[PDB]
file data-v1.txt (compact mmCIF, C-alpha atoms)
# COMPACT_ATOMS: atom_id res chain seq x y z
CA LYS C 6 -27.71 109.22 55.41
CA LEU C 7 -31.05 109.29 53.44
CA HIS C 8 -33.70 111.90 54.28
CA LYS C 9 -37.46 112.24 53.49
CA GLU C 10 -38.97 115.17 51.61
CA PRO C 11 -42.67 115.93 51.15
CA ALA C 12 -44.57 115.31 48.02
CA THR C 13 -48.20 115.54 47.02
CA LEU C 14 -50.03 112.86 45.03
CA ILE C 15 -51.14 113.72 41.54
CA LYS C 16 -52.13 110.25 40.32
CA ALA C 17 -51.32 106.57 40.98
CA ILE C 18 -50.49 105.04 37.58
CA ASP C 19 -49.66 101.47 38.47
CA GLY C 20 -48.60 99.23 41.37
CA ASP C 21 -45.10 100.67 41.15
CA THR C 22 -45.39 104.02 39.45
CA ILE C 23 -46.87 107.20 40.69
CA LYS C 24 -47.17 110.83 39.55
CA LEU C 25 -46.36 113.26 42.37
CA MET C 26 -45.79 117.03 42.80
CA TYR C 27 -42.28 117.27 44.02
CA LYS C 28 -40.42 120.56 44.75
CA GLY C 29 -43.30 122.22 42.88
CA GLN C 30 -43.19 120.19 39.56
CA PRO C 31 -45.24 117.15 38.38
CA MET C 32 -42.82 114.24 38.24
CA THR C 33 -43.27 110.41 37.64
CA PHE C 34 -41.71 108.21 40.34
CA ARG C 35 -40.86 104.57 40.11
CA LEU C 36 -40.65 102.65 43.43
CA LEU C 37 -37.11 101.47 44.16
CA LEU C 38 -36.22 97.76 44.54
CA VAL C 39 -39.61 96.34 43.82
CA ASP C 40 -41.34 94.78 40.79
CA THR C 41 -45.14 94.57 40.80
CA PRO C 42 -47.15 92.69 38.21
CA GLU C 43 -48.11 95.14 35.45
CA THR C 44 -51.50 96.32 34.19
CA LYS C 45 -49.66 98.38 31.49
CA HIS C 46 -47.25 95.79 30.05
CA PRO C 47 -45.71 96.58 26.60
CA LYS C 48 -46.36 92.99 25.55
CA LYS C 49 -48.87 91.26 27.88
CA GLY C 50 -50.79 94.34 29.11
CA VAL C 51 -52.48 92.90 32.29
CA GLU C 52 -50.76 90.20 34.39
CA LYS C 53 -51.89 88.23 37.50
CA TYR C 54 -52.12 90.27 40.76
CA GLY C 55 -51.54 93.33 38.50
CA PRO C 56 -54.89 94.98 39.35
CA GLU C 57 -54.51 94.02 43.04
CA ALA C 58 -50.96 95.50 43.40
CA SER C 59 -52.25 98.54 41.59
CA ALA C 60 -55.31 98.98 43.86
CA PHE C 61 -53.19 98.42 46.98
CA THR C 62 -50.66 101.16 46.07
CA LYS C 63 -53.50 103.57 45.05
CA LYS C 64 -55.50 103.08 48.31
CA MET C 65 -52.37 103.44 50.38
CA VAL C 66 -51.32 106.70 48.79
CA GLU C 67 -54.82 108.22 48.30
CA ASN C 68 -55.80 107.77 51.92
CA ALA C 69 -52.57 109.02 53.49
CA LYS C 70 -52.37 112.38 55.37
CA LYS C 71 -48.69 112.77 54.50
CA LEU C 72 -46.53 111.40 51.53
CA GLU C 73 -42.79 111.53 51.59
CA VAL C 74 -40.13 110.55 49.06
CA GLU C 75 -36.74 109.28 50.04
CA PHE C 76 -33.97 109.07 47.38
CA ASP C 77 -31.23 106.44 47.73
CA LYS C 78 -27.45 107.20 47.46
CA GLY C 79 -27.10 106.52 43.71
CA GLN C 80 -28.72 107.89 40.55
CA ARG C 81 -32.08 109.57 41.35
CA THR C 82 -33.69 109.25 37.88
CA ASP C 83 -33.84 106.30 35.51
CA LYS C 84 -33.38 106.58 31.70
CA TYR C 85 -37.11 107.36 31.25
CA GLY C 86 -36.89 110.41 33.51
CA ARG C 87 -38.69 108.74 36.42
CA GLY C 88 -37.54 109.52 40.03
CA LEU C 89 -36.19 106.40 41.84
CA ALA C 90 -37.36 106.57 45.46
CA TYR C 91 -38.78 104.88 48.50
CA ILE C 92 -42.22 106.34 49.11
CA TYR C 93 -43.73 106.60 52.55
CA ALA C 94 -47.46 107.06 53.32
CA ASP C 95 -47.97 108.19 56.91
CA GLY C 96 -44.55 106.93 57.85
CA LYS C 97 -45.11 103.44 56.31
CA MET C 98 -42.89 102.47 53.33
CA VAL C 99 -45.12 101.63 50.38
CA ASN C 100 -42.29 99.60 48.71
CA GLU C 101 -42.12 97.37 51.79
CA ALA C 102 -45.87 97.12 52.26
CA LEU C 103 -46.22 95.66 48.77
CA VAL C 104 -43.48 93.08 49.23
CA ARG C 105 -44.85 92.16 52.68
CA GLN C 106 -48.29 91.37 51.12
CA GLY C 107 -46.84 89.18 48.40
CA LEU C 108 -47.82 91.82 45.78
CA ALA C 109 -44.28 92.66 44.61
CA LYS C 110 -40.95 90.84 44.25
CA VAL C 111 -37.65 92.41 45.31
CA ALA C 112 -36.11 93.68 41.98
CA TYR C 113 -32.65 93.17 40.58
CA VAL C 114 -30.59 95.51 42.70
CA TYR C 115 -28.19 98.10 41.29
CA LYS C 116 -25.60 99.25 43.79
CA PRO C 117 -25.37 101.91 45.17
CA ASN C 118 -29.23 102.13 45.24
CA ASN C 119 -29.66 99.26 47.65
CA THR C 120 -29.91 100.88 51.05
CA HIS C 121 -33.20 99.09 52.07
CA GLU C 122 -32.45 95.83 50.20
CA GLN C 123 -31.97 93.57 53.29
CA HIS C 124 -35.11 94.88 54.98
CA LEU C 125 -37.15 94.30 51.82
CA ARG C 126 -35.70 90.81 51.28
CA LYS C 127 -36.70 89.92 54.89
CA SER C 128 -40.32 90.99 54.19
CA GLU C 129 -40.28 89.03 50.93
CA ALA C 130 -39.06 85.90 52.77
CA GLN C 131 -42.05 86.35 55.22
CA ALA C 132 -44.61 86.69 52.42
CA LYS C 133 -43.19 83.54 50.73
CA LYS C 134 -43.37 81.61 54.07
CA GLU C 135 -46.94 82.79 54.47
CA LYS C 136 -47.66 81.98 50.81
CA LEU C 137 -49.40 85.25 50.10
CA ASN C 138 -50.80 86.34 46.72
CA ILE C 139 -47.84 86.03 44.26
CA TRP C 140 -46.49 83.24 46.48
CA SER C 141 -49.68 81.13 46.70

call {"tool": "encode", "arguments": {"input": "data-v1.txt", "output": "structure tokens"}}
result
Amino acid sequence: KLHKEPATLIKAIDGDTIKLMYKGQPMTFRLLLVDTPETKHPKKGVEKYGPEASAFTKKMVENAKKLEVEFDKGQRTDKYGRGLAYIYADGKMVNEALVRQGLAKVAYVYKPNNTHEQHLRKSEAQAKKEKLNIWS
């Protein structure tokens, strides 16, 4: 069973990356199971819907009363030292919110970190059907 722990925002970096204070330390978190268009791409730098995905994540986390992080059942850090988590703003999953608005695709999934994969894919299927943003 997954559980939520509190965290405090330090800074939103991108649509899918955030700096948070977690168990008293600054740490970078990457949102599990989602890919957002980048504003900080090695190669291309700024891609389409990049600034929109980024502003949507930032507003959601900046205006929340409570942020929580939920680790999955697999590895909790990627090879860059970023935490791999589902982030919740006032009880609403930010990973899902993005996918539901057509501002993120469901990523390539690495078992065992795939607990919310079906739920995310259902939201993605709805944003495609509605032709939102990325899907327009």

call {"tool": "closest_residue", "arguments": {"input": "data-v1.txt", "among": "C:136, C:128, C:29, C:46", "to": "residue 101 (chain C)", "atoms": "only C-alpha atoms"}}
result
C:128

call {"tool": "residues_around", "arguments": {"input": "data-v1.txt", "residues": "region 74-89 of chain C", "least_positions_apart": "4", "cutoff": "10 Å", "atoms": "only C-alpha atoms", "output": "PyMOL selection string"}}
result
chain C and resi 6-13+22-25+27+32-38+93-94+98+115-121

call {"tool": "closest_atom_pairs", "arguments": {"input": "data-v1.txt", "of": "region 38-126 of chain C", "to": "region 15-18 of chain C", "cutoff": "12 Å", "atoms": "all atoms listed in the file", "output": "CSV"}}
result
residue,atom,partner,partner_atom,distance
C:43,CA,C:18,CA,10.4
C:44,CA,C:18,CA,9.4
C:45,CA,C:18,CA,9.1
C:55,CA,C:18,CA,11.8
C:56,CA,C:18,CA,11.1
C:58,CA,C:18,CA,11.2
C:59,CA,C:18,CA,7.8
C:60,CA,C:17,CA,9.0
C:61,CA,C:17,CA,10.3
C:62,CA,C:17,CA,7.5
C:63,CA,C:17,CA,5.5
C:64,CA,C:17,CA,9.1
C:65,CA,C:17,CA,10.0
C:66,CA,C:17,CA,7.8
C:67,CA,C:17,CA,8.3
C:68,CA,C:17,CA,11.9
C:72,CA,C:15,CA,11.2

call {"tool": "atom_distance", "arguments": {"input": "data-v1.txt", "atom1": "CA of residue 70 (chain C)", "atom2": "CA of residue 95 (chain C)"}}
result
6.3 Å

call {"tool": "residues_around", "arguments": {"input": "data-v1.txt", "residues": "residue 105 (chain C)", "least_positions_apart": "6", "cutoff": "10 Å", "atoms": "all atoms listed in the file", "output": "list in words"}}
result
residues 99, 125, 126, 127, 128, 129, 130, 131, 132, 133, 135 and 137 of chain C

call {"tool": "closest_residue", "arguments": {"input": "data-v1.txt", "among": "C:140, C:97, C:109, C:104", "to": "residue 41 (chain C)", "atoms": "all atoms listed in the file"}}
result
C:109
